[PDB]
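The file data-v9.txt contains compact mmCIF, C-alpha atoms:
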```txt
# COMPACT_ATOMS: atom_id res chain seq x y z
CA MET A 1 19.89 -6.19 0.84
CA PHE A 2 18.20 -3.36 -1.05
CA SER A 3 16.19 -2.18 1.96
CA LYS A 4 19.34 -2.44 4.10
CA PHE A 5 21.11 0.23 2.02
CA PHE A 6 18.27 2.65 2.76
CA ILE A 7 17.79 1.57 6.39
CA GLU A 8 21.36 2.79 6.86
CA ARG A 9 20.65 6.05 4.99
CA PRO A 10 17.39 7.66 6.18
CA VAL A 11 18.38 11.05 4.73
CA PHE A 12 18.82 9.48 1.29
CA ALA A 13 15.56 7.54 1.66
CA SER A 14 13.60 10.64 2.66
CA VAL A 15 15.23 12.86 0.03
CA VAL A 16 14.00 10.47 -2.66
CA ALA A 17 10.58 10.56 -0.99
CA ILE A 18 10.74 14.37 -0.93
CA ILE A 19 11.72 14.87 -4.58
CA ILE A 20 8.98 12.46 -5.67
CA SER A 21 6.40 14.43 -3.68
CA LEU A 22 7.79 17.77 -4.85
CA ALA A 23 7.87 16.79 -8.53
CA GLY A 24 4.36 15.38 -8.14
CA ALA A 25 3.11 18.56 -6.46
CA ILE A 26 4.41 20.65 -9.36
CA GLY A 27 2.81 18.13 -11.73
CA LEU A 28 -0.54 18.23 -9.93
CA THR A 29 -0.58 21.97 -10.62
CA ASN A 30 0.18 21.68 -14.34
CA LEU A 31 -2.32 18.93 -15.10
CA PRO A 32 -5.51 19.88 -16.98
CA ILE A 33 -8.87 19.61 -15.24
CA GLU A 34 -11.56 18.03 -17.38
CA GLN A 35 -14.63 16.23 -16.06
CA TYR A 36 -14.06 13.11 -18.18
CA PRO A 37 -11.21 12.22 -20.54
CA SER A 38 -11.84 12.91 -24.24
CA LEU A 39 -14.27 10.04 -24.75
CA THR A 40 -16.93 11.57 -26.90
CA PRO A 41 -16.53 11.16 -30.68
CA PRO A 42 -15.42 14.33 -32.49
CA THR A 43 -18.13 15.71 -34.73
CA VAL A 44 -17.89 17.83 -37.91
CA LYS A 45 -20.97 19.64 -39.25
CA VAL A 46 -21.31 20.29 -43.01
CA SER A 47 -24.07 22.69 -44.05
CA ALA A 48 -25.31 23.60 -47.53
CA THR A 49 -28.47 25.41 -48.61
CA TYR A 50 -30.62 24.91 -51.72
CA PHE B 398 -11.97 7.76 -8.41
CA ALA B 399 -8.76 5.73 -8.73
CA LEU B 400 -6.96 8.12 -6.37
CA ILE B 401 -9.63 7.22 -3.80
CA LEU B 402 -9.18 3.48 -4.41
CA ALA B 403 -5.43 3.99 -4.03
CA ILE B 404 -5.61 5.30 -0.44
CA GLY B 405 -6.44 1.86 0.93
CA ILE B 406 -4.00 0.05 -1.39
CA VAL B 407 -1.12 2.52 -1.13
CA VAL B 408 -0.69 1.84 2.61
CA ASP B 409 -0.63 -1.98 2.22
CA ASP B 410 3.08 -2.63 1.71
CA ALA B 411 3.95 -0.09 4.41
CA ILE B 412 1.62 -1.48 7.08
CA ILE B 413 2.73 -5.01 6.17
CA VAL B 414 6.27 -3.86 6.98
CA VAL B 415 5.34 -2.15 10.24
CA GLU B 416 3.22 -5.05 11.50
CA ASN B 417 6.25 -7.29 11.02
CA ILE B 418 8.20 -5.03 13.43
CA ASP B 419 5.88 -5.13 16.44
CA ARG B 420 5.87 -8.89 15.80
CA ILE B 421 9.65 -9.29 15.72
CA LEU B 422 9.95 -6.73 18.53
CA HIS B 423 7.50 -8.69 20.68
CA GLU B 424 8.93 -12.19 20.16
CA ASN B 425 12.55 -11.00 20.67
CA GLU B 426 13.12 -8.74 23.68
CA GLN B 427 16.86 -8.58 22.84
CA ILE B 428 17.10 -7.31 19.26
CA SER B 429 17.57 -3.67 18.30
CA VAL B 430 14.87 -1.88 16.30
CA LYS B 431 17.37 -1.13 13.52
CA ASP B 432 18.26 -4.83 13.51
CA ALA B 433 14.59 -5.85 13.57
CA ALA B 434 13.78 -3.62 10.59
CA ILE B 435 16.66 -5.20 8.65
CA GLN B 436 15.34 -8.63 9.60
CA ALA B 437 11.72 -7.84 8.71
CA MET B 438 12.75 -6.64 5.25
CA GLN B 439 14.42 -10.03 4.86
CA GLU B 440 11.03 -11.58 5.73
CA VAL B 441 8.57 -9.43 3.75
CA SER B 442 10.55 -8.07 0.78
CA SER B 443 9.40 -10.78 -1.63
CA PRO B 444 5.63 -10.30 -1.00
CA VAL B 445 5.79 -6.49 -1.17
CA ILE B 446 7.43 -6.90 -4.58
CA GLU C 942 4.77 -17.32 0.26
CA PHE C 943 5.13 -18.08 3.98
CA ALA C 944 3.73 -21.58 3.41
CA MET C 945 6.42 -21.94 0.74
CA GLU C 946 9.01 -20.78 3.28
CA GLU C 947 8.13 -23.43 5.87
CA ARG C 948 8.38 -26.29 3.37
CA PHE C 949 11.69 -25.56 1.60
CA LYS C 950 13.44 -23.47 4.28
CA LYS C 951 12.18 -24.96 7.58
CA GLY C 952 11.41 -28.42 6.14
CA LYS C 953 7.99 -28.46 7.78
CA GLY C 954 5.33 -30.75 6.37
CA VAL C 955 2.78 -29.50 3.85
CA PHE C 956 -0.01 -29.56 6.43
CA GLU C 957 2.29 -28.08 9.09
CA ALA C 958 3.32 -25.36 6.60
CA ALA C 959 -0.12 -24.29 5.33
CA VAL C 960 -1.51 -23.98 8.86
CA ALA C 961 1.50 -21.95 10.03
CA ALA C 962 1.15 -19.66 7.01
CA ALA C 963 -2.49 -19.01 7.92
CA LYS C 964 -1.78 -18.35 11.60
CA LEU C 965 1.15 -15.97 11.18
CA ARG C 966 -0.08 -14.15 8.05
CA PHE C 967 -3.73 -13.67 9.07
CA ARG C 968 -3.16 -10.30 10.76
CA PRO C 969 -1.48 -8.56 7.77
CA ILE C 970 -3.97 -10.05 5.30
CA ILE C 971 -6.93 -8.64 7.22
CA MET C 972 -5.72 -5.17 8.22
CA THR C 973 -4.68 -4.46 4.63
CA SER C 974 -7.98 -5.86 3.35
CA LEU C 975 -9.71 -3.93 6.14
CA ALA C 976 -7.74 -0.84 5.10
CA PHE C 977 -8.91 -1.15 1.48
CA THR C 978 -12.50 -2.17 2.27
CA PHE C 979 -13.11 0.61 4.78
CA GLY C 980 -11.47 2.89 2.18
CA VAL C 981 -13.91 2.20 -0.65
CA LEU C 982 -16.71 2.17 1.95
CA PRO C 983 -17.78 5.86 1.69
CA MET C 984 -18.42 5.25 -2.03
CA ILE C 985 -20.94 2.46 -1.38
CA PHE C 986 -22.82 4.85 0.96
CA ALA C 987 -22.42 7.63 -1.62
CA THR C 988 -24.96 10.45 -1.48
CA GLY C 989 -25.65 13.30 -3.88
CA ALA C 990 -24.18 14.61 -7.11
CA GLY C 991 -22.44 11.82 -9.01
CA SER C 992 -23.68 9.07 -6.70
CA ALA C 993 -24.41 6.36 -9.26
CA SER C 994 -20.82 6.43 -10.53
CA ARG C 995 -19.42 6.01 -7.02
CA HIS C 996 -22.19 3.52 -6.23
CA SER C 997 -21.30 1.43 -9.28
CA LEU C 998 -17.56 1.59 -8.59
CA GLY C 999 -17.88 0.76 -4.91
CA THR C 1000 -20.54 -1.94 -4.68
CA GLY C 1001 -19.02 -4.91 -6.51
CA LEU C 1002 -15.63 -3.86 -5.17
CA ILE C 1003 -16.55 -4.18 -1.48
CA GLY C 1004 -18.38 -7.49 -1.83
CA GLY C 1005 -15.65 -9.10 -3.90
CA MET C 1006 -13.01 -7.87 -1.46
CA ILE C 1007 -14.97 -8.98 1.61
CA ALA C 1008 -15.38 -12.29 -0.23
CA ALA C 1009 -11.68 -12.69 -1.01
CA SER C 1010 -10.62 -11.55 2.49
CA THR C 1011 -12.83 -14.13 4.23
CA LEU C 1012 -13.93 -17.00 1.99
CA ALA C 1013 -10.67 -17.13 0.04
CA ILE C 1014 -8.07 -17.10 2.84
CA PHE C 1015 -9.73 -20.27 4.14
CA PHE C 1016 -9.18 -21.96 0.75
CA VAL C 1017 -5.76 -20.78 -0.49
CA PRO C 1018 -4.00 -23.02 2.10
CA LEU C 1019 -6.09 -25.92 0.76
CA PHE C 1020 -5.01 -25.35 -2.85
CA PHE C 1021 -1.39 -24.94 -1.74
CA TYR C 1022 -1.77 -28.14 0.30
CA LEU C 1023 -3.15 -30.19 -2.60
CA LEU C 1024 -0.80 -28.73 -5.22
CA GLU C 1025 2.21 -29.46 -3.02
CA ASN C 1026 0.85 -32.89 -2.07
CA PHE C 1027 0.58 -33.47 -5.83
CA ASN C 1028 4.10 -32.27 -6.69
CA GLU C 1029 5.64 -34.90 -4.39
CA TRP C 1030 3.62 -37.74 -5.95
CA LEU C 1031 4.67 -36.41 -9.37
CA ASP C 1032 8.32 -36.75 -8.31
CA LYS C 1033 7.97 -40.53 -8.67
CA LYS D 843 -2.68 55.66 -14.86
CA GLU D 844 -2.45 59.46 -14.65
CA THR D 845 -3.62 60.45 -18.12
CA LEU D 846 -6.44 58.02 -18.87
CA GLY D 847 -9.97 57.49 -17.61
CA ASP D 848 -10.77 54.00 -16.44
CA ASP D 849 -13.08 53.18 -19.36
CA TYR D 850 -9.72 52.68 -21.12
CA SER D 851 -7.15 49.91 -20.85
CA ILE D 852 -3.62 49.48 -22.11
CA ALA D 853 -2.53 46.25 -23.82
CA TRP D 854 1.07 45.46 -24.69
CA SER D 855 2.38 43.80 -27.83
CA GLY D 856 5.77 42.78 -29.18
CA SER D 857 8.86 42.91 -26.99
CA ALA D 858 6.99 44.72 -24.22
CA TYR D 859 4.37 41.95 -24.02
CA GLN D 860 7.09 39.34 -23.51
CA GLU D 861 8.73 41.49 -20.84
CA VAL D 862 5.56 42.52 -18.99
CA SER D 863 4.12 39.00 -19.01
CA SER D 864 7.32 37.32 -17.75
CA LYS D 865 7.51 39.81 -14.86
CA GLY D 866 9.24 38.43 -11.79
CA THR D 867 9.39 34.78 -12.85
CA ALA D 868 13.14 34.48 -12.18
CA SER D 869 12.33 33.95 -8.49
CA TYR D 870 10.77 30.59 -9.39
CA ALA D 871 13.62 29.04 -11.39
CA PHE D 872 16.23 30.15 -8.84
CA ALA D 873 14.35 28.81 -5.81
CA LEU D 874 13.74 25.59 -7.75
CA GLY D 875 17.41 24.93 -8.46
CA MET D 876 18.49 25.79 -4.92
CA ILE D 877 15.93 23.38 -3.45
CA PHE D 878 17.18 20.63 -5.75
CA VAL D 879 20.86 21.37 -5.12
CA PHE D 880 20.14 21.13 -1.39
CA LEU D 881 18.27 17.82 -1.47
CA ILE D 882 20.56 16.13 -4.01
CA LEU D 883 23.58 16.95 -1.87
CA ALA D 884 21.93 15.99 1.44
CA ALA D 885 21.25 12.56 -0.07
CA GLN D 886 24.77 12.08 -1.46
CA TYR D 887 26.33 12.97 1.91
CA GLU D 888 23.65 11.59 4.29
CA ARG D 889 23.69 14.82 6.33
CA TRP D 890 21.13 17.63 6.30
CA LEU D 891 23.21 20.40 7.87
CA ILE D 892 26.23 19.87 5.59
CA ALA E 497 14.66 2.13 12.66
CA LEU E 498 15.09 5.57 14.22
CA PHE E 499 11.49 6.23 15.29
CA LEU E 500 9.80 2.99 16.27
CA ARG E 501 10.40 2.59 19.99
CA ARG E 502 11.49 -0.51 21.91
CA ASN E 503 8.11 -0.75 23.65
CA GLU E 504 4.71 0.92 24.06
CA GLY E 505 3.56 -0.86 27.19
CA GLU E 506 -0.03 0.39 27.37
CA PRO E 507 -2.06 1.41 24.29
CA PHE E 508 -5.50 2.80 25.26
CA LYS E 509 -8.54 0.56 25.87
CA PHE E 510 -10.83 0.10 22.87
CA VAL E 511 -7.60 -0.59 20.99
CA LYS E 512 -6.86 -3.30 23.57
CA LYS E 513 -10.36 -4.80 23.39
CA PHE E 514 -10.39 -4.69 19.58
CA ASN E 515 -7.12 -6.62 19.36
CA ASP E 516 -8.19 -9.18 21.97
CA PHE E 517 -11.28 -9.95 19.90
CA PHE E 518 -8.99 -9.92 16.88
CA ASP E 519 -6.47 -12.41 18.28
CA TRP E 520 -9.38 -14.76 19.03
CA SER E 521 -10.48 -14.66 15.38
CA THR E 522 -6.96 -15.66 14.34
CA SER E 523 -7.29 -18.87 16.35
CA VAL E 524 -10.79 -19.37 14.91
CA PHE E 525 -9.33 -18.85 11.44
CA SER E 526 -6.35 -21.17 11.90
CA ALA E 527 -8.81 -23.65 13.40
CA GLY E 528 -10.75 -23.27 10.15
CA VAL E 529 -7.84 -24.16 7.87
CA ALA E 530 -7.04 -27.00 10.28
CA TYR E 531 -10.57 -28.28 9.61
CA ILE E 532 -10.60 -27.77 5.84
CA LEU E 533 -7.26 -29.46 5.14
CA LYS E 534 -8.52 -32.73 6.64
CA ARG E 535 -11.66 -32.59 4.46
CA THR E 536 -9.96 -32.31 1.06
CA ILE E 537 -12.46 -33.77 -1.42
CA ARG E 538 -15.42 -32.28 0.45
CA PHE E 539 -14.15 -28.70 0.13
CA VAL E 540 -12.88 -28.90 -3.46
CA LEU E 541 -16.56 -29.41 -4.34
CA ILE E 542 -17.81 -26.35 -2.42
CA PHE E 543 -15.33 -24.47 -4.61
CA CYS E 544 -16.72 -25.86 -7.89
CA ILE E 545 -20.18 -25.06 -6.52
```
For the structure just supplied, provide its representation as structure tokens.
Amino acid sequence: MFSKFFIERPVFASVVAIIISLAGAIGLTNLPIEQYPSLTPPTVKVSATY
Amino acid sequence: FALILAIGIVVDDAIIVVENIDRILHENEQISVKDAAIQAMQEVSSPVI
Amino acid sequence: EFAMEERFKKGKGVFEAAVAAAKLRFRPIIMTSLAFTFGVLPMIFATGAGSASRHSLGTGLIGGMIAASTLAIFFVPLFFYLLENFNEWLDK
Amino acid sequence: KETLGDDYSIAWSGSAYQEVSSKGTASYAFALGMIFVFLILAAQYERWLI
Amino acid sequence: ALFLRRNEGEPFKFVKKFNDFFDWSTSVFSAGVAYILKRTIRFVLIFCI
């Protein structure tokens, strides 16, 4: 019956499709571009001199 | 990489739906397309879930 | 799912159900599996910078999909058949 | 722009920084809310033109 | 509902040939399950292999 509701209401069905796309297009823009996730161990370097 | 793998998975549930329209539309030369679509979603809702 | 439909919604026999499920659901099973397989295909033929990562991702994926969209669809009706044939002996 | 040779530049700080940097960003929030008023209504009333 | 049409009587040529060959394979496939279901114990082994 769920699909029926939308089959009656193509404007509603497409408006949900549109907002999803539009929110996801804004999101695509504001995502960071790495090359890999942060999957190398962080590394601290301590240095003394005698 | 996953976005690429998605292309051929993302269309699955939609093409499953649309194949079940040409099939209802072919085996019933009386029904209306709107009524076929309602009937197909009674037939293929459970598997697309 | 369709085999389950024919047995407890059209009353058809286990054999009659499994065969009907195969016949009527073959086309969607393939063209979706064909849609995926041909989709990961340009990664198995990958060429140039970053190839090994696409080559690794794509290779086992295609073969296992091809396998499960040919060898498996012949067998799933069998396992449905036996499991349903078993559940009616278990009734006793 | 008149007084200074181009081996010079002119960086803002304080209140002027905030104002210069946010220049003409009100167009974005307004257009955003109008687009989302439009779609949300079109769905609720199942008509585009209305 | 409001864009699929009641019929598309003729759809190109290679599309026609491809689907002819594809309908044949459906019979070959359903003929395969027909086979395998009669040979139960024999095919459960090929699985465990």
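Proximity to residue 14 in chain A was assessed for D:879, D:885, D:873, D:868 counting only C-alpha atoms; the smallest distance is recorded for D:885.
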Item to check | Distance filter 10 Å, only C-alpha atoms, chain B against chain A, as a VMD selection string | outcome: chain B and resid 431 to 432 434 to 439 442
Can you build me a table of chain E residues sitting at most 9 Å from range 404-426 of chain B, with the closest atom pair per residue and its distance in Å to one decimal, using all atoms listed in the file, sorted by chain and residue number, as a Markdown table?
```
| residue | atom | partner | partner_atom | distance |
| --- | --- | --- | --- | --- |
| E:500 | CA | B:418 | CA | 8.7 |
| E:502 | CA | B:422 | CA | 7.2 |
| E:503 | CA | B:422 | CA | 8.1 |
```
Next on the checklist: Can you measure CA of residue 986 in chain C to CA of residue 518 in chain E for me? One decimal in Å is fine.
Outcome noted: 25.7 Å
Next on the checklist: Residues proximal to (24.8, 12.4, 1.1) were defined as those with any atom within 12 Å of that point in the file's coordinates, counting only C-alpha atoms. Which are they, as a PyMOL selection string?
Outcome noted: (chain A and resi 6+8-16) or (chain D and resi 879-892)
Chain E near chain A within 12 Å: what's each residue's closest atom pair and its distance in Å to one decimal, counting only C-alpha atoms, ordered by chain then ascending residue number, as a tab-separated table?
```
residue	atom	partner	partner_atom	distance
E:497	CA	A:7	CA	7.0
E:498	CA	A:10	CA	8.6
E:499	CA	A:10	CA	10.9
```
Item to check | Residue among B:441, B:428, B:402, B:433 lying closest to chain C, counting all atoms listed in the file | outcome: B:402
Next on the checklist: Rounded to one decimal, what separation in Å do you get between CA of residue 959 in chain C and CA of residue 1015 in chain C?
Outcome noted: 10.5 Å
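With CA of residue 444 in chain B on one side and CA of residue 1013 in chain C on the other, the separation reads 17.7 Å.
Restricting the calculation to all atoms listed in the file, the smallest distance between residue 956 in chain C and any of E:510, E:539, E:529, E:545 is found for E:529.
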Checklist entry - Which of these residues is nearest to chain E, using all atoms listed in the file: B:440, B:446, B:399, B:429? => result B:429
Give one line per residue of chain C that approaches chain E to at most 12 Å, naming the two atoms of the closest pair and their distance in Å to one decimal, counting all atoms listed in the file; sort by chain then ascending residue number and deliver it as a tab-separated table.
```
residue	atom	partner	partner_atom	distance
C:955	CA	E:533	CA	10.1
C:956	CA	E:533	CA	7.4
C:957	CA	E:530	CA	9.5
C:958	CA	E:530	CA	11.1
C:959	CA	E:529	CA	8.1
C:960	CA	E:526	CA	6.4
C:961	CA	E:526	CA	8.1
C:962	CA	E:526	CA	9.1
C:963	CA	E:526	CA	6.0
C:964	CA	E:526	CA	5.4
C:965	CA	E:522	CA	8.7
C:966	CA	E:522	CA	9.4
C:967	CA	E:522	CA	6.5
C:968	CA	E:522	CA	7.5
C:969	CA	E:522	CA	11.1
C:970	CA	E:522	CA	11.1
C:971	CA	E:518	CA	10.0
C:972	CA	E:518	CA	10.4
C:1010	CA	E:525	CA	11.6
C:1011	CA	E:525	CA	9.3
C:1012	CA	E:543	CA	10.1
C:1013	CA	E:543	CA	9.9
C:1014	CA	E:529	CA	8.7
C:1015	CA	E:529	CA	5.7
C:1016	CA	E:529	CA	7.6
C:1017	CA	E:529	CA	9.3
C:1018	CA	E:529	CA	7.0
C:1019	CA	E:533	CA	5.8
C:1020	CA	E:540	CA	8.7
C:1021	CA	E:533	CA	10.1
C:1022	CA	E:533	CA	7.4
C:1023	CA	E:536	CA	8.0
C:1024	CA	E:536	CA	11.7
C:1026	CA	E:536	CA	11.3
```
Could you give me, as a CSV table (one decimal) with C-alpha atoms, keeping the file's coordinate frame, the residues within 12 Å of residue 863 in chain D, counting all atoms listed in the file and dropping anything in the same chain fewer than 6 positions from it?
```csv
chain,number,residue,atom,x,y,z
D,853,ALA,CA,-2.5,46.2,-23.8
D,854,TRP,CA,1.1,45.5,-24.7
D,855,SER,CA,2.4,43.8,-27.8
D,856,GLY,CA,5.8,42.8,-29.2
D,857,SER,CA,8.9,42.9,-27.0
```
